[PDB]
Structures are given as structure tokens and as C-alpha cells.
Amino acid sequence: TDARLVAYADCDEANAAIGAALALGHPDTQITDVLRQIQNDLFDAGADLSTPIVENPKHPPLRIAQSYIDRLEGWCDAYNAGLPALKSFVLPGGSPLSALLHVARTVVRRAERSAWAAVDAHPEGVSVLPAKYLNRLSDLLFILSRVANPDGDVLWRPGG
């Protein structure tokens, strides 16, 4: 019901999709560490979205900070650097890992929408950072999906 409650739950659903990718996609050590850090960040995003903003909090805030987003942006550029240009649009799938990352990607985008909806409902009580974080995360998951498809992505083909 509550816009904050919905956004929080969607973050949890996106987080579980990353857990499935890690558990069923068998990523290498490097990718594993990146994904595990993201699971930790998504918990933070959920806590942030669920907690209304208060003036001069006396408790340690658990909020997504700009540095979280700067970090995803850095990983995006670092990982995308070693990839060839796309010849056609990518269809979701390929290796078990790429397929599972595409699933997480789409769930993350659904979570981004509710995070923005939370902001719309409480412009003064909800931070826009969780939404921006999820916005950058889906782009990173797209890149990682490509990284996880060594032999090329599944491509769309014009009807005729």
C-alpha cells in the first residue's frame, strides 16, 4: 500500500534475483565480488526507501550516498571498456549467468520505477538516491550480462 513499502519490497525482489544469479550462474571471483557488493548496497537502498527522512537524525543514517552511484558508474565504464560494439539489439539470454543477470536487470528496472514513485508521493520525505542507484544498476547488469556471454549476445533480427 504505502509507496515506501512497495519500493522497499521491489528492492528486496531485485536483491533476490541477484542472489539467484550468484547461486545458479556460477560467476567467477571478480564478478562474484561485484555482485555481492551490490547485494549489500540493495539492502541499504531498501532501508533508505523504507525510512522517512527526518531533520537532524540522532541515529547513524543508513542511506544510499552519491559515492554508491559513482562506484557503479566506474564499474560500468571499466567493464564496458573491453567489449565490442553492438551489431543489433540484444535479446535477454545466452549463458546461464547472462540469462540470470538479464532477469535481475529487468527486476531492478521495476524497482527503479517504484523508488521514483516513492519520491513522487513524498518529495520531502524520500531521497532520490535510491532511485538513481537502481537506474545505474540496470545499466551495469546489462554490461555484466554481455561480459558473461563470451561467445556473443543473443541478437534481434528484423522481421524481414
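So that there is no doubt, residue numbering starts at 1 and follows the sequence shown.
In this crystal structure, the stretch out of 51-59 and 64-72 whose C-alpha atoms carry the higher mean B factor is 51-59. Taking only CA atoms, the mean B-factor in the PDB entry is higher for 115-123 than for the other of 115-123 and 94-102. Placement of the Cα temperature factor of residue 28 within the chain: highest third of the modelled residues, per the deposited record. Looking at the C-alpha B-factors along this chain, the one for residue 154 belongs to the lowest third.
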